[PDB]
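Two forms of a single protein chain come next, each set out by itself as structure tokens; they are called structure 1 and structure 2.
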Structure 1
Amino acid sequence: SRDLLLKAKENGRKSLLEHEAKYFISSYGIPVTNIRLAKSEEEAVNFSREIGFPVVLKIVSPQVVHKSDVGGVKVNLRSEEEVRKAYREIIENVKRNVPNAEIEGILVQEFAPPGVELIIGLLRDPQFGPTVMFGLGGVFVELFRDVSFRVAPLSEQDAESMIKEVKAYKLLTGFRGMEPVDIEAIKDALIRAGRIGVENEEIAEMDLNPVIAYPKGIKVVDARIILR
């Protein structure tokens, strides 16, 4: 819902939970991996079938910054039973590695096959305000810092030029004989990201990371929205 930012702010929250961020992003027409928040093993299985296999499970705790490190993430679950295994394994994993940690729930989300990992950012600058960022995403975002910036709202020129300027742009036009990815989808995502910035003053920072680009369309795998 568009008002999710409001509810978060009134609850003294400085950020949105992954599933909330994804709902909010989706309501602006940016494609996202279908996600649900399970609060029981049974709800998990149900949501797993409602989403379709294979699926991914993530713990939702405030005291767990790096989930993978505590074994709070299970990837590529293909069967109901495999899902139940993972559901319990994550819970017990978190309790052992971080007992104090409170549990909010388990996130079930569609599995995203491999592809060009991109990042789409949104930052509020004191001078220029809503600003959009683009570049190679994934885990190695900060390593190359191969990025571009544009002040919102973005024209088609702005979005198109900020894509061609990054060095990694070569990946998007077919590299190693690879099939070129959907650039128009990316442009649309960038323009819409800009709109989110302009219309939502309470957003300080936003991270669409990773954003998998395929030959046809794109998908936001993970999102992070920092409020102010």
Structure 2
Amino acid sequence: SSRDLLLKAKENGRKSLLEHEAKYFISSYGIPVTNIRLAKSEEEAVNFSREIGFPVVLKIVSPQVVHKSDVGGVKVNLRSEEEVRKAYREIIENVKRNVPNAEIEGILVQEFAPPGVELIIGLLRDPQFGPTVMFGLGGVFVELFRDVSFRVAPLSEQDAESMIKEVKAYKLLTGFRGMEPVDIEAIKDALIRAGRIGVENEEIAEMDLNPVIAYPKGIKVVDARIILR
């Protein structure tokens, strides 16, 4: 599905897909992503924001910026034209100051996903077992506690379901104080498709979907990184 993005990246000596390319790529595999627009100017950012609908999110797009929040390159819940303009300039200044030698490809405009239960979905290439899908709850649960499950791809439905139920923070998905159970079927479907992406695209070394926001109905990938080899 749109292998052309991977081929173009290789042809141009890039070792990764950027957020908008990564989201387009996994979207073509049936993983729900945010609507997105690459704005080259503050004016395009405003116009794209109206097209997407408020509130929106703006993010830096640059090869030299992998961790966008850490350098002030992410602004969420922008509710008006004026807030979009303010955010636009703030991001550009933050990146020029923190990453002087950064090639600014533009500013990505995307829908604002409302709060839900955050997940991480990963793909890596294991020397022995090949493409392997990773799952965990978002934030501290994977990043600090390292609570992750793995299944070697391709995944069956049995693999996807059991690897979800397996993680220690699983109960965050089945209802707790102030939060309804989220759509486990949509998660399973995303995990299987992540496995297919790895099986079918040998030039993909890693994929990181962090975070994926899960809702009572469906999920939505809010950030995406694909690393090539």
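Residue indices: 1-based, along structure 1. Superpose the two forms; the largest set of C-alphas matching within 1.5 Å is the rigid core.
Panel note: of 143, 111, 173, 147, the residue at the hinge between moving rigid parts between structures 1 and 2 is 111; all others are over 12 positions away. The smaller of the two rigid parts turns by 12° against the larger between structures 1 and 2, as judged from C-alpha superpositions. Taking the core as reference, the C-alpha deviation of residue 90 between structures 1 and 2 is 2.3 Å. Lined up on the core, residue 160 has its CA atom moved by 0.5 Å between structures 1 and 2.
When the core is overlaid, the C-alpha of residue 177 ends up 5.7 Å from its other position between structures 1 and 2.
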